[PDB]
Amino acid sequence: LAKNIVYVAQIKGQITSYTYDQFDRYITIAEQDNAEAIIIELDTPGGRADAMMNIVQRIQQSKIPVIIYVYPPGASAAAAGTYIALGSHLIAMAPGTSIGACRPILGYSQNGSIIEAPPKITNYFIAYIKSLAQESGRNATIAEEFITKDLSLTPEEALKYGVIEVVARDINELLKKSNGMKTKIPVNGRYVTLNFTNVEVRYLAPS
């Protein structure tokens, strides 16, 4: 009989400290309204590792389920974006999206090369990405390969290999297929069953 509210927000572009504030604001709003879940439509090529780590940790302490939805078709959750997804309660991908490609780099060089992260830093990131996968019951071998092979997956590959939970064309199909699934990580110590049966979708806007 109660109304379930699902918020939807959009995060696009490079992950920066400002992106942290965006996730913080959107998630805080949704928590304050006792939302059933917040869906974050993500499209990013990556960004700063530190802002990623704070975003991951914000989601993990979230009092409501955060669903990372790689969207619209043509979007990716690449590099840092992949960690945001793996750190979340549920991952959905639209057809024609991409996840992965997390080979850690320091940047572009002086002259004719890319600057690869040294092996130790790379192993650090491998340990971290694998932990997000193991914590959420997702494929840690594949997660490692996002780094070691610069592996990138389509939605159907990502579903088949146990990296994501839902492939969905839009918000309404996401709600329909996600309905009745458990969060892959705890929300206040419990693996909550998502209830999307009569839900009010509300869009949160920037400015």
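Each residue number is its position in the shown sequence, starting from 1.
The stretch with the higher mean CA B factor, choosing between 111-119 and 76-84, is 111-119.
Stretches 132-140 and 100-108 differ in mean C-alpha B factor, with the higher average recorded for 100-108. Reading the B-factor column for the CA atoms of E145, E156, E165, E31 in the entry, the top value corresponds to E31.
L42 sits in the middle third of its chain by CA B factor, as recorded in the PDB entry. The PDB entry assigns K160 a C-alpha temperature factor belonging to the lowest third of its chain's modelled residues.
Sort the modelled residues of the chain by CA B factor and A49 lands in the middle third.
In the PDB entry, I55 places in the middle third of its chain by CA B-factor. Ranked against the other modelled residues of its chain, the C-alpha B-factor of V66 as given in the entry falls in the middle third.
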